[PDB]
Amino acid sequence: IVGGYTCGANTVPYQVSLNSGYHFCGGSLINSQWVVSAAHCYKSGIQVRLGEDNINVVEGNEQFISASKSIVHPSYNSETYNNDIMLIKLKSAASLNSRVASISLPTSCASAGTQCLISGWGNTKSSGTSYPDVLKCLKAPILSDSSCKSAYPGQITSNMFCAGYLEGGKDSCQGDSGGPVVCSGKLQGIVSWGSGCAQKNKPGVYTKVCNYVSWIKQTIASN
Ligand SMILES: N=C(N)c1ccc(O[C@H]2CO[C@H]3[C@@H]2OC[C@H]3Oc2cccc(C(=N)N)c2)cc1
Ligand SMILES: [Ca+2]
C-alpha cells in the first residue's frame, strides 16, 4: 500500500495473509471455512494466516491453518487477469472472534464514487522497495468506468473496476494482491493489477466481486 496509513492491530479482522514460507498475497475471510483471493495468487502449499498484524512477530491472536483445496475461477485468464478470483478452503474451520472475522459478500455492485477500504502488507513505495510488517490501509473511491478505460484502453472488462486517485501517490502495490477492497461493509473488490504503483493516471485495477457472488456461493456449497 502506497500513500496509506498503519491500520492498527486487528482492525481489519477479515484480512488474511497467504503464506508459503513467507507472505506472498492477501486474502479475505468470507466464512469460517473459506477465503477469497486473486487467481494470480494461486500456488500449492498455502497456509492461511488469520488475526495477523505484524507478520514477522507472534503477537498472540494468530491462527495459522493450511489450505485443503484451492479453486481458481473456471474462466481465469492469466495474460489479461480477467476473472482474477480464487477460493481457498481451510483444512479446519477458523475460530471466529473479534480479531478473526468474516466479511460479507455484496448483495449488489457498488457504484462509482463509493468509498472503499483497501489493505495489505505490500510495498509502500512508488519508486523502489519497502515492505511493512504491520498491516497498511488506504481509503479510496471507485472511479468511473470511463476514467478506468481511458487509463487502460482495451484492457478493462466488465469484471474489473478501478479505484484510487488519478493524481497519483495513493494505490495498492506488489504484495497486496489478493487482498480486500471493502465498500460499505461488503467485499466489492480484490487487489488484481495496475501499472507501477501510485503513478499518475494509472489507478489500481480490482476484480469486481459482485459479478462472482453466485459462483462463490455455488462453489462453496458444493466443496
Ligand atoms: N488486462 C491486462 N492488459 C493486464 C492485466 C494484468 C496484468 O498483470 C501485470 C500488471 O499488474 C500486475 C502484473 O505485473 C505487476 C502486477 O502489478 C500490480 C499488482 C497488484 C496491484 C497493483 C497496483 N498498482 N494497484 C499492481 C497485465 C496486463
Ligand atoms: Ca503476527
Query raised in the report: Of these, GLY128, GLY175, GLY154, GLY168, which one is of a type outside the set (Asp, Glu) and touching a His at 6+ places or on another chain (Cβ under 9 Å)?
Result: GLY175
Query raised in the report: Out of (1) outside any strand (DSSP E or B); (2) buried (at least 24 other Cβ atoms within 10 Å of the Cβ); (3) of a type outside the set (S, T, N, Q), the odd one out for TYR206 is which?
Result: (1)
Report task. Go through (1) within 13 Å of ligand 2 (Cβ to nearest atom); (2) of a type outside the set (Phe, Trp, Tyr); (3) touching a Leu at 6+ places or on another chain (Cβ under 8 Å); (4) under 20 Å from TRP193 (Cβ atoms) one by one and return the number of the condition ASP53 breaks. Result -> (4)
Query raised in the report: Taking the range 56-70 as the search range and keeping residues that are over 16 Å from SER92 (Cβ atoms) and near ligand 2 (Cβ under 6 Å from one of its atoms), which one is surrounded by the fewest Cβ atoms within 10 Å (Cβ to Cβ)?
Result: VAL58
**Report entry** Scan of the range 102-122 for residues that are part of a loop (DSSP other than H, G, I, E, B) and touching an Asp or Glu at 6+ places or on another chain (Cβ under 8 Å), ordered by number
**Finding:** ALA112, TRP121, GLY122
Report task. Please find, among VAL2, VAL48, the residue that is in contact with an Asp or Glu (Cβ under 8 Å, 6 or more places away or on another chain) and buried (at least 19 other Cβ atoms within 10 Å of the Cβ). Result -> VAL2
Requested in this report: State which residue pairs qualify: first residue assigned to a helix (DSSP H, G or I) and inside the range 150-162, second residue among the hydroxyl-bearing types (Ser, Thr, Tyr) and more than 16 Å from ligand 2 (Cβ to nearest atom) in any location, beta carbons under 9 Å apart, and separation of 6 or more residues or different chains.
Outcome: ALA151/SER195
Query - Candidates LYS186, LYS170 - the one that is within 12 Å of ligand 1 (Cβ to nearest atom) and charged (D, E, K, R) - result: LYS170
Report summary line: How many residues of the range 76-116 are surrounded by 12 or more Cβ atoms within 10 Å (Cβ to Cβ), of a type in the set (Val, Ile, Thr) and more than 18 Å from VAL191 (Cβ to Cβ)? The answer is 1
Requested in this report: Search the range 47-67 for residues that are on the phi < 0 side of the Ramachandran plot and within 16 Å of ligand 1 (Cβ to nearest atom) and pair each with any residue that is part of a loop (DSSP other than H, G, I, E, B) and among the charged types (D, E, K, R) when their beta-carbon atoms are under 8 Å apart and the residues are at least 6 apart or on different chains.
Outcome: none
Query raised in the report: Would you say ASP84 is of a type in the set (D, E, K, R), within 16 Å of ligand 2 (Cβ to nearest atom) and in contact (Cβ under 8 Å) with a residue 12 or more places away in the chain?
Result: no
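All of the numbers you see were taken from the coordinates with simple rules; none came from a lab. Backbone-built Cβ (ideal geometry, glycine too); neighbour counts: all protein chains shown.
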